[PDB]
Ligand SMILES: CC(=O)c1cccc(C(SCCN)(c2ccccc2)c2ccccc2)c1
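Below, in structure tokens: the form deposited without the named molecule, a single chain.
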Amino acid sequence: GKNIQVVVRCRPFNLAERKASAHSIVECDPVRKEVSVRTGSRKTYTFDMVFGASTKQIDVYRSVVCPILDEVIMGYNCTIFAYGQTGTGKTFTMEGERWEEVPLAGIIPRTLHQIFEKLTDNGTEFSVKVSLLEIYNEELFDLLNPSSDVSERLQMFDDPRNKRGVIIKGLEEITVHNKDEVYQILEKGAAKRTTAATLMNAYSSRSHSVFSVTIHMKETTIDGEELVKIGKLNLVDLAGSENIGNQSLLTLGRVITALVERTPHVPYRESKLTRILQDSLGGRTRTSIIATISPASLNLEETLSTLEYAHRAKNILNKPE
């Protein structure tokens, strides 16, 4: 439990689902923190939080991200994952759509927005840098490198200074000079993802996208302390859930269950994704998974697998009704 929170966000019905007379098979209870699926009876699950279909972008940021970002600012490493079937709002949650953050903008812009705000406001001295890479078929593609050819992919090495840490050789890290750059950066990176799909067949719903902001901080108070700090926040938009049956999800899972159940050897090195994230992941870092689901019976089968998966990663006991 503790460091690791797991929450389910359910999206609204889409046009397709309506048009097909699809039935809402999912009950979301925010307050009892329970999801239920009608299979007729019902299977009920419990999570640290549950977000019904009416929840706005800000509600998510506020109850999920804020605690974590406080911790990153404190100079730690965190990860927020979005897991679930394609079309259930992973990206929507993680990025969003087009001064204050447009109500449709998701976690990544808000995160960037907030970072500047707080550090400017407390007069901390800091520099922000972001990087974006996707993992397709256990192979790393840098989405921010303006130069490289599409077939170019990055290799990682062990970090001599850090037993948990890793070195991605060649990875572009762009410097961010204000809260608005994020967008055009997210745009560079979308141009490239496209390209990799057209030319390499690495389709975005079939791969993991890892967006990583690293904050260098120096805080100073006369008669106080001089703190030197580096926080880092990896915001991970996972490959579509339906690809199980691909195996990086199973490992990601095996690693979260281990972390939560506290078993002797957490298998980080058995997948690229968890290898890379191994530096968040574990001691005293908030880690969070947002599982996305559809309400409709059209998608029932996948909705279930997602919830089995969330359930398996952090197994909470159903409280008496």
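For every residue, the number given is its place in the sequence shown, counted from 1.
If you look for the form deposited with the named molecule bound, you will not find it shown, but the lines that follow are about it.
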Looking in the entry with it bound, any heavy atom of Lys232 within 4.5 Å of the named molecule? no
Contact with the named molecule in the entry with it bound for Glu187, defined as at least one heavy atom pair within 4.5 Å: yes or no? yes
Mark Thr91 yes when one of its heavy atoms lies within 4.5 Å of a heavy atom of the named molecule in the entry with it bound, and no otherwise. yes
Residue-level question: is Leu132 within 4.5 Å of the named molecule in the entry with it bound, judged on heavy atoms? yes
Are all three of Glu152, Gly170 and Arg275 close to the named molecule in the entry with it bound, meaning a heavy atom of each within 4.5 Å? no
Using a 4.5 Å heavy atom cut-off, which stretch among 118-126, 72-80, 160-168, 105-113 contacts the named molecule in the entry with it bound? 105-113
